[PDB]
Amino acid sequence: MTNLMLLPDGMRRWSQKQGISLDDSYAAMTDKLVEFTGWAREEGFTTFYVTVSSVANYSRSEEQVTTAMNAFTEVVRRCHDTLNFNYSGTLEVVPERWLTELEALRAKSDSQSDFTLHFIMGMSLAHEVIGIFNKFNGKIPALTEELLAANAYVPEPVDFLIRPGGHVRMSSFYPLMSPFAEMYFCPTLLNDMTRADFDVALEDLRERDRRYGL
């Protein structure tokens, strides 16, 4: 069993490239993420993680925050009935409206589905570690790997990670408990990603020899 994590990038550059508004670029992002969820399910992944946002992203203007959060929420609105939906992250920086709607969508999702779509919002290792410490500070004799794993934003090690958009860096999106995650970078903007691009990415990722330090 294998899981896949996507870092969606390139909506502004795609808006300028297509000569359309940012809102329409985010609508194309919604469609593209629905496609991508279907592809990941067809490819046998048990969980498809989508990095929705870092903490820094919520420092953009409220118009961009609203447009983006609505675009991501629309993915769940369209797909939630046929899969298990979940979410995590630094929820205190997300506007409460979207926390409410995503909570309702998770309650309405198919908890018995063998495929999971998982949104991570407000990713930042510093905020994650600080939150875990402040949660357990003075309440346990010591932190164990089991408890840490049980409270990380990503609830399991990530097998494959894909970042389109041309930037070779992880920003605030590195998954805490995935020391041997395989990373794949490609210059294609997310909204230009085809099924064939996804497939050759999976060829690259699956062809690699995983050795785990041994």
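Counting begins at 1, following the sequence as shown. Throughout, rigid core stands for the largest set of C-alpha atoms superposing within 1.5 Å between the two forms.
- Between 131-139 and 84-92, the larger mean CA deviation from the shown form in 4 other deposited structures of this protein, after core superposition, belongs to 131-139.
- When the other structures are laid on the shown form by the core, the C-alphas of 153-161 and 166-174 differ in how far they drift in 4 other deposited structures of this protein; the larger average drift belongs to 166-174.
- On average the C-alpha atoms of 13-21 have higher B-factors than those of the other stretch, with 195-203 and 13-21 being the two compared.
- Once the C-alpha B-factors are averaged per stretch, 46-54 and 22-30 rank with 22-30 first.
- Residue-level inspection of the entry shows that, of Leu117, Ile132, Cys79, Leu125, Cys79 has the top Cα B-factor.
- Residue-level temperature factors show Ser88 in the lowest third of its chain, judged at the C-alpha atom.
- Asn70 sits in the middle third of its chain by CA B factor, as recorded in the PDB entry.
- Ranked against the other modelled residues of its chain, the C-alpha B-factor of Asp159 as given in the entry falls in the lowest third.
- For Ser172, the recorded CA temperature factor ranks within the lowest third of the chain's modelled residues.
- Compared with the other modelled residues of the chain, the Cα B-factor recorded for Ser113 ranks in the highest third.
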